[PDB]
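Novice: would you be able to build a 3D model of this:
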Amino acid sequence: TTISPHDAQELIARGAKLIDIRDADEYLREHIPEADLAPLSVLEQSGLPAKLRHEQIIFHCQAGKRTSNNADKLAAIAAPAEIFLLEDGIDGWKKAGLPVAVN
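Specialist: Numbers count the residues shown, from 1 in each chain. Structure as follows:
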């Protein structure tokens, strides 16, 4: 299930985790302040750590392609949470006028 940036904001205000699945270099260049970084490759190897588990988990990437194409992996990695993919990724978040942190 996709979630709009504004709807994601409301879930994050209720404790939902926003997980950036990009690499550290991409995150360091520009990221969402509320996000926790966990690159997809790391999640595929060692799973979601306990500190990033919650009743609601929202994954995001750059523009919605990496979440869309790895939907099955992500659904397992965060199970049994209620899981969302941020619509159009950080690009969508920016287009909605929500804050990012730029290096």
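Novice: how close does the spatially most central residue of the chain get to residue 103?
Specialist: Central residue of the chain (C-alpha atoms, centre = their mean): residue 59, 2.6 Å from the mean position. The gap separating residue 59 from residue 103 is 22 Å, by C-beta to C-beta, to the nearest Å. C-betas here are computed from N, CA, C, even on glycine.
Novice: which helices and strands sit right next to the helix or strand harbouring residue 43?
Specialist: Using DSSP states H and E, residue 43 sits in helix 40-46. Applying 3 or more C-beta pairs under 8 Å, 6 or more residues apart in numbering; DSSP states H and E, we find helix 40-46 packed against helix 71-77.
Novice: whichever helix or strand comes after the helix it packs on packs against which elements?
Specialist: For helix 71-77, the following helix or strand on the C-terminal side (DSSP H and E) is strand 82-86. Applying 3+ C-beta pairs under 8 Å, 6+ apart, one finds that strand 82-86 makes contact with strand 2-3, helix 5-12, strand 56-60, helix 65-69, helix 71-77.
Novice: give the next helix or strand downstream of strand 82-86.
Specialist: Taking DSSP H and E, what comes next after strand 82-86 is helix 89-95.
Novice: what does that following helix rub up against?
Specialist: Residues from elsewhere that reach helix 89-95, judged by C-beta atoms under 8 Å, 6 or more residues apart in numbering: 4-5, 8, 20, 30-32, 60-67, 86, 88, 100.
Novice: please pick the buried ones from those residues.
Specialist: For the contacts of helix 89-95, a neighbour count by 16 or more other C-beta atoms under 10 Å gives the buried set as 5, 8, 20, 31-32, 60-62, 64, 66-67, 86, 88.
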